[PDB]
Amino acid sequence: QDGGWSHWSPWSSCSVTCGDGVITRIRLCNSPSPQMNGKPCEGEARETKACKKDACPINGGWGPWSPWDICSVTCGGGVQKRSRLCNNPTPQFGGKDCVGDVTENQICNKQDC
Ligand SMILES: *[C@H]1O[C@@H](C)[C@@H](O)[C@@H](O)[C@@H]1O
Ligand SMILES: *[C@H]1O[C@@H](C)[C@@H](O)[C@@H](O)[C@@H]1O
């Protein structure tokens, strides 16, 4: 009794919901399975195909902070600024916006005036 392949199983769904992945389907050497010294089934027991979905969301990421602006003062109470860019990367395909402020403030040179 030589082995015989069962019918293919239904194709699975895409391995991913976005971007590229694969759909798989399987067979069993059980229709009939091989007996002792009978020929085993010839071929593949699994078949992986490829599926392509829409691009995955790209969440925003902050770029480097700009250098601190020079202090508005040399003694008592200064305020210097600093800025950011949400373009490393820029949000795309429904990705989340960067979290946080685009600009930063801080007191400086607050000392003996
Ligand atoms: C599965 O992957 C996530 C990241 C989103 O792209 C969903 O829309 C998709 O179903
Ligand atoms: C700037 O502030 C003035 C008042 C002086 O104290 C300078 O020495 C400082 O750089």
Side-chain angles (χ1 to χ4, degrees):
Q1 182 60 118
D2 279 348
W5 286 118
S6 70
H7 274 84
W8 281 110
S9 81
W11 281 102
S12 76
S13 51
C14 199
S15 57
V16 298
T17 43
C18 57
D20 307 328
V22 298
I23 43 168
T24 307
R25 106 216 263 224
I26 55 122
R27 261 165 158 181
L28 299 177
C29 187
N30 70 359
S31 310
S33 67
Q35 53 156 16
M36 269 302 269
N37 238 24
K39 276 162 148 236
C41 296
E42 222 117 345
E44 293 282 290
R46 298 187 135 235
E47 191 187 319
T48 286
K49 216 205 242 155
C51 45
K52 287 196 200 178
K53 318 285 223 156
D54 286 338
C56 296
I58 296 159
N59 294 317
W62 288 119
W65 276 116
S66 76
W68 275 114
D69 268 15
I70 330 265
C71 203
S72 65
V73 168
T74 34
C75 59
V79 155
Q80 46 176 5
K81 240 161 251 281
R82 200 197 195 191
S83 54
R84 265 162 158 169
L85 253 8
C86 183
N87 66 352
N88 209 69
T90 296
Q92 272 195 275
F93 314 130
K96 284 171 160 164
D97 186 21
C98 289
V99 167
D101 22 6
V102 153
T103 296
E104 198 160 81
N105 287 111
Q106 109 179 153
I107 299 142
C108 42
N109 268 356
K110 124 254 158 141
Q111 303 143 198
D112 70 271
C113 181

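The analysis underlying the following values was restricted to heavy atoms, covering all of them including side chains, and did not include hydrogens, waters or symmetry mates. For this chain, numbers begin at 1 and follow the sequence in order.
You'll find the side chain of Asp54 stays beyond 4.5 Å of the side chain of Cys18, heavy atoms only. Looking only at side-chain heavy atoms (C-beta outward), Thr103 and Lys81 come within less than 4.5 Å of each other. Counting heavy atoms from C-beta on, the side chains of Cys86 and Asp97 come closer than 4.5 Å. Put simply, the side chain of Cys14 reaches to within 4.5 Å of the side chain of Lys53, judged on heavy atoms.
Scanning all heavy atoms of the two residues, the minimum distance from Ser31 to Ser6 falls at OG-CA, 3.3 Å. Residue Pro34 comes nearest to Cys29 through the heavy atom pair CD-SG, 3.7 Å, listed as atom of the first residue, atom of the second, then distance. The heavy-atom pair separating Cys56 from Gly19 by the smallest distance is SG-N, 3.9 Å. Smallest separation of non-hydrogen atoms from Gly21 and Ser15: CA-OG, 3.2 Å. Between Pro89 and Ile58, the closest heavy-atom pair is CG-CG2, 3.5 Å.
The line from SG of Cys71 to CD of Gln106 is 8.5 Å long, rounded to the nearest 0.5 Å. Atoms CD and CD, on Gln1 and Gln35 in that order, are 6.0 Å from each other to the nearest 0.5 Å. Note that the CD1 atom of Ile23 and the OG atom of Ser13 stand 9.5 Å from one another [nearest 0.5 Å]. Atom CD of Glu44 is separated from atom CZ of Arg25 by 12.5 Å, given to the nearest 0.5 angstrom. How far CG of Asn105 is from CH2 of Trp68: 7.0 Å, rounded to the nearest 0.5 Å.
Distance alone, capped at 3.5 Å, is enough to place a donor-acceptor pair between the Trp5 side chain and the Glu42 backbone. Here the side chain of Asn59 pairs a donor or acceptor atom with the backbone of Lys96 at under 3.5 angstrom. With hydrogens and angles disregarded, a donor-acceptor distance shorter than 3.5 Å links the side chain of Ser66 to the backbone of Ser83. Between the side chain of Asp20 and the main chain of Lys52, no donor-acceptor pair closer than 3.5 Å is present.
Scanning for side chain to side chain donor-acceptor pair (under 3.5 Å) contacts around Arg27 gives an empty result, with sequence neighbours left out. Legend: residues meeting side chain to side chain donor-acceptor pair (under 3.5 Å) with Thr24, ordered by chain and number and at least two apart, are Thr48.
Counting non-hydrogen atoms of other residues, nucleotides and ligands closer than 6.0 Å to CD1 of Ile107 gives a total of 12 or fewer.
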* **Trace of the side-chain contact (heavy atoms from CB on, under 4.5 Å) decision for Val102 with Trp62** => CA-CA 9 Å; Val102 153; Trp62 288 119; 3.7 Å; yes

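A salt bridge between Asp101 and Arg84 is present, with a side-chain N of the basic residue lying under 4.0 Å from a carboxylate O of the acidic one.
A cation-pi arrangement is present between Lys49 and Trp11, with the terminal nitrogen or guanidinium carbon under 6.0 Å from the aromatic centre and inside a 45° cone about the axis.
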